[PDB]
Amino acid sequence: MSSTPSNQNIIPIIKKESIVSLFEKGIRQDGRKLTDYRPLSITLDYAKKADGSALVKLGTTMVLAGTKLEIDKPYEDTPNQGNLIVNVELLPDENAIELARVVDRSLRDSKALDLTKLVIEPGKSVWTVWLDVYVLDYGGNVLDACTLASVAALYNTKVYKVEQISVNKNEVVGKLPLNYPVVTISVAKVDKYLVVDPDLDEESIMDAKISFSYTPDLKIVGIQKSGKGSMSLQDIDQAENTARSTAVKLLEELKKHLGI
C-alpha cells in the first residue's frame, strides 16, 4: 500500500509567492541562479571500517555512503557477474526504496561499475558490493547527493587479496572496476520556472521534479520524475537541456574531489 504522506509540512501560499517573486528576477533565497548547484563538499574514507566511503555535503544535505565487499556464489540467474546491492536509509521506507533503485539503475545500466569484472572463479565465486547510503541531514534534493555519495564511495573502495576461499584484509590488491563516474541532476518545476538542485523550501512548493543521470560523454542513463504534480512536454525538454549543461560542471567538480 502506497498512500499520500499525512506528515507533509504544507507551506503557506504567502511564503510560496515570496519565493516565486524571486524566481521572476532569476534568483533564489540563498542567492544562487535558477541553474546553479549548491556548494559541494566531498570527504573520502570518512567511515574507516568501510572498504570505501564518502561524506557528501550538498548545501545542508548530508549523505554518507559506504561499501563493503564480500565473496558470494553468483546468482544462478547471472553466472558471470558479481553483485551490486544498493541500500538507502533516511534517518530524520518507500522513498528510501525509490532512491536506492534509481541510484542502482543509473550505476548498473550505465555500466559505470562493471559487474562482469567482479568474477573470481566463474560460476563458483564472485564479489558482492554492498553499497549502503545514509541520509544524515535532509536538506532537499537528496537523490543527487546520494548519487554523488555512491559514486565517490565506489571510487574510494579498496579491493583485498584473495587467498585461494579466503579474504586477506591487510593486503590491498586494487580498486573497483569502474568505467566512469555518473551524476544525477534534478530539475524542479516551480510555478512556470525550472530550478536546478532544489532546496528544502523549493521542494515543498514544487509541482514536480525530474532527475537525469549522465555519463561523462553526456549519454542519458536514467530518468525519474518525482512529485505530486505534473509537468508539460516542453518543461521536460528544457529541463534535460538545463540538466545536461549542469552535468558538465558537476562532473568536473566530482572528479576534482575523487582525484579524477
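Residue numbers here begin at 1 and follow the sequence given.
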- Enter the number of deposited residues without atomic coordinates between residue 92 and residue 93, binned as none, 1 to 3, 4 to 9, or 10 or more. 10 or more
- Missing residues of the deposited chain between residue 164 and residue 165 number 4 to 9
- Which is higher on average in the deposited entry, the C-alpha temperature factors of 147-155 or of 165-173? 165-173
- Pick between 5-13 and 233-241: the one whose mean CA B-factor in the entry is higher. 5-13
- Place residue 251 in the lowest, middle or highest third of its chain's C-alpha B-factors, as listed in the PDB entry. highest
- Query: Going by what the PDB entry lists, where does residue 51 fall on CA B-factor within its chain: lowest, middle or highest third?
  - Reply: lowest
- For residue 207, return the chain-relative third of its C-alpha B-factor as stated in the PDB record: lowest, middle or highest. middle
- Query: Considering only modelled residues of the same chain, in which third does the CA B-factor of residue 107 rank: lowest, middle or highest?
  - Reply: middle
- Sort the modelled residues of this chain by their C-alpha B factor and say whether residue 137 lands in the lowest, middle or highest third. middle
